[PDB]
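What follows is the content of input.txt (compact mmCIF, N, CA, C and O atoms).
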```txt
# COMPACT_ATOMS: atom_id res chain seq x y z
N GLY W 1 63.02 25.21 6.23
CA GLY W 1 62.92 24.48 7.48
C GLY W 1 64.27 23.97 7.96
O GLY W 1 65.30 24.57 7.67
N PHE W 2 64.25 22.85 8.68
CA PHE W 2 65.48 22.26 9.20
C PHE W 2 65.76 20.92 8.54
O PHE W 2 64.86 20.08 8.40
N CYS W 3 67.01 20.71 8.13
CA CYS W 3 67.40 19.47 7.48
C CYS W 3 68.03 18.50 8.49
O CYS W 3 68.37 18.89 9.60
N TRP W 4 68.18 17.25 8.08
CA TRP W 4 68.76 16.23 8.95
C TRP W 4 69.23 15.03 8.13
O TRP W 4 68.76 14.81 7.01
N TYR W 5 70.14 14.25 8.70
CA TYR W 5 70.67 13.07 8.03
C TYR W 5 70.13 11.79 8.67
O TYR W 5 70.05 11.69 9.89
N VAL W 6 69.77 10.82 7.83
CA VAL W 6 69.25 9.55 8.32
C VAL W 6 70.12 8.39 7.86
O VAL W 6 70.21 8.10 6.67
N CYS W 7 70.76 7.73 8.81
CA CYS W 7 71.63 6.59 8.51
C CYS W 7 70.94 5.28 8.86
O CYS W 7 70.36 5.13 9.93
N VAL W 8 71.02 4.31 7.94
CA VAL W 8 70.41 3.01 8.15
C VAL W 8 71.23 1.90 7.50
O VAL W 8 72.08 2.17 6.66
N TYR W 9 70.97 0.66 7.90
CA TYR W 9 71.68 -0.48 7.35
C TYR W 9 70.99 -1.02 6.11
O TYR W 9 69.78 -1.27 6.11
N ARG W 10 71.76 -1.19 5.04
CA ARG W 10 71.22 -1.69 3.78
C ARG W 10 72.31 -2.36 2.95
O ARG W 10 73.28 -1.71 2.54
N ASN W 11 72.15 -3.65 2.69
CA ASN W 11 73.12 -4.40 1.91
C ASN W 11 74.49 -4.41 2.59
O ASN W 11 75.52 -4.28 1.94
N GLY W 12 74.48 -4.56 3.91
CA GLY W 12 75.72 -4.57 4.66
C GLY W 12 76.46 -3.25 4.60
O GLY W 12 77.68 -3.21 4.68
N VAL W 13 75.70 -2.16 4.45
CA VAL W 13 76.29 -0.83 4.38
C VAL W 13 75.46 0.18 5.16
O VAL W 13 74.29 -0.06 5.46
N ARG W 14 76.07 1.32 5.48
CA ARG W 14 75.39 2.37 6.23
C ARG W 14 75.57 3.72 5.55
O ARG W 14 76.65 4.32 5.62
N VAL W 15 74.52 4.20 4.90
CA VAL W 15 74.56 5.49 4.22
C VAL W 15 73.59 6.48 4.84
O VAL W 15 72.52 6.10 5.31
N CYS W 16 73.98 7.75 4.85
CA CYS W 16 73.14 8.80 5.42
C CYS W 16 72.42 9.58 4.33
O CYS W 16 73.01 9.92 3.30
N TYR W 17 71.15 9.86 4.55
CA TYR W 17 70.34 10.60 3.58
C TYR W 17 69.87 11.93 4.16
O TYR W 17 69.09 11.96 5.11
N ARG W 18 70.36 13.03 3.59
CA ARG W 18 69.99 14.36 4.05
C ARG W 18 68.59 14.74 3.56
O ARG W 18 68.39 15.01 2.38
N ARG W 19 67.64 14.74 4.48
CA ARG W 19 66.26 15.08 4.15
C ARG W 19 65.90 16.47 4.68
O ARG W 19 66.35 16.87 5.75
N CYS W 20 65.08 17.19 3.92
CA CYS W 20 64.66 18.53 4.32
C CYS W 20 63.14 18.68 4.18
O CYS W 20 62.55 18.25 3.19
N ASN W 21 62.53 19.30 5.18
CA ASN W 21 61.08 19.52 5.17
C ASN W 21 60.74 20.96 5.53
O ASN W 21 59.61 21.27 5.88
```
Rewrite the structure from the file as structure tokens, please.
Amino acid sequence: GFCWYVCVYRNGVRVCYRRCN
């Protein structure tokens, strides 16, 4: 399928998570 990155705020930080479905 198609993958994508999800960035969010956590502990005063912003990390992106590459999810694939």
- With a distance cut-off of 9 Å and only C-alpha atoms, select the neighbouring residues of residue 6 (chain W), excluding the residue or stretch itself and same-chain residues fewer than 5 positions from it, and output the selection as an MDAnalysis selection string. chainID W and resid 15:19
- Could you tell me, as a list in words, which residues of chain W DSSP assigns to strand (DSSP E) when given the backbone?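 Restricting chain W to strand (DSSP E) produces residues 3, 4, 5, 6, 7, 8, 9, 14, 15, 16, 17, 18, 19 and 20 of chain W.
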- To one decimal in Å, tell me the separation between atom C of residue 13 (chain W) and atom C of residue 1 (chain W). 26.4 Å
- Interatomic distance (Å, one decimal) between atom O of residue 7 (chain W) and CA of residue 20 (chain W):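 Distance reported for this atom pair: 15.6 Å.
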